[PDB]
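Below is one structure, written out as structure tokens; comments come after it.
Every residue, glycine among them, receives a Cβ derived from its backbone with ideal geometry; neighbour counts consider all protein chains shown. Bear in mind these aren't lab numbers, they're just calculated from the coordinates by the rules spelled out.
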Amino acid sequence: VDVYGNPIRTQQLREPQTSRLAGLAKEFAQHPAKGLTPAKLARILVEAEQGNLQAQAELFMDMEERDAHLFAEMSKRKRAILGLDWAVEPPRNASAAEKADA
Amino acid sequence: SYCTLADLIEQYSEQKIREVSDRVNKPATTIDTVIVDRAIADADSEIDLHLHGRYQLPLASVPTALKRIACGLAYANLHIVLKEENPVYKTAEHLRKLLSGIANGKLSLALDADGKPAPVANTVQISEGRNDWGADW
């Protein structure tokens, strides 16, 4: 089972979960950043806190697209991580089987 | 109709209105309602000319000072020939001076019966007003 302990059934791995929700794939972003005012942004944040993440996510996408400075800073921060070398290491004082699995 | 035939009578007696309103019979015998109606209409028209810039013209109620002014102007208009020195001409000029004072924002239009007249929305006008960042965000 997963690390969270939820029972895992291999039958559902054959199809993506979102495959049965074809309506999502056809959605187009509504661009809430156009004509934005402080009251509207505060409303967006408040409604996002209550579980309406759609408007907040669209606003964040627009914000990252429309600002060159924030764009460059975020790109620098992410490319800093992208350039790091990585490796897989077994558990502490691991055995031969764990070493082979790693 | 800021004044009526009854108002003109009650202001200037009935005999004088009978004299100045009848042009066909000598001596006069009856008041001709058409001439009085037209004189009142002309007085109302002049008052409207003087008052359109500060109030709604189709007034739903008549201030009493407006009634006095209309009666005076109608009586002045009822004269076919009027001299500069005629006292009625002086009264008409006085009423015109009051009308000009009201128009020029020097005098106010008083109560009609118990409520104020309907000042027009001239001074009300201002731009929409942009004050974002001050809406408690």
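What you get for chain A, charging only the Cβ of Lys and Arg (+1) and of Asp and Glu (-1), is a dipole of about 140 debye around the Cα centre.
Exposure proxy shown here: for B:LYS16, B:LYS83, the number of other Cβ atoms within 10 Å sets the order, fewest to most, as B:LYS83, B:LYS16.
Distant-in-sequence amide contacts of B:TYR55, defined by a placed amide H-H separation under 5 Å and a gap of 5 or more residues or a different chain, comprise B:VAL120. Here B:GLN11 and B:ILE126 are evaluated by their C-beta separation; at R0 = 45 Å the FRET efficiency comes out at 0.55. The distance separating the Cα centre of the stretch B:86-137 from that of the stretch A:61-88 comes to 65 Å.
Counting neighbouring beta carbons within 10 Å and listing from fewest to most, the residues A:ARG66, A:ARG92 come out as A:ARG92, A:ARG66.
Remark: mean inter-chain Cβ contacts per residue of B:127-133 equal 1, using a 10 Å Cβ-Cβ cutoff to other protein chain atoms. When shorter helices are ignored and each DSSP H run of at least 4 residues is given -39500 (n - 2.57), the per-residue value for the protein assembly as shown at 222 nm works out to -15500 deg cm²/dmol. Going by neighbour counts of Cβ atoms within 10 Å, the residues A:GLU98, B:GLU84, B:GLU46 line up, fewest first, as B:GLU84, A:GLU98, B:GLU46.
Note on chain B: GNM, Cα springs under 10 Å; of B:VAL20, B:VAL34, B:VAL81, the largest mean-square fluctuation is that of B:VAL81. As a quick test, which of the pairs A:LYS34/A:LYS78; B:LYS83/B:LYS106; A:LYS34/A:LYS76; B:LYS83/B:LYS116; B:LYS16/B:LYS106 have an alpha carbon distance above 31 angstrom in this structure? In this structure, B:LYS83/B:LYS116; B:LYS16/B:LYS106 exceed 31 Å between Cα atoms. Here the Karplus curve 6.51 cos²θ - 1.76 cosθ + 1.60, taken at θ = phi - 60°, turns the phi angles of the stretch A:79-96 into couplings of 5, 4, 6, 4, x, 8, 6, 9, 8, 9, 10, x, x, 4, 6, 5, 9, 5 Hz, with x standing for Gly and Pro.
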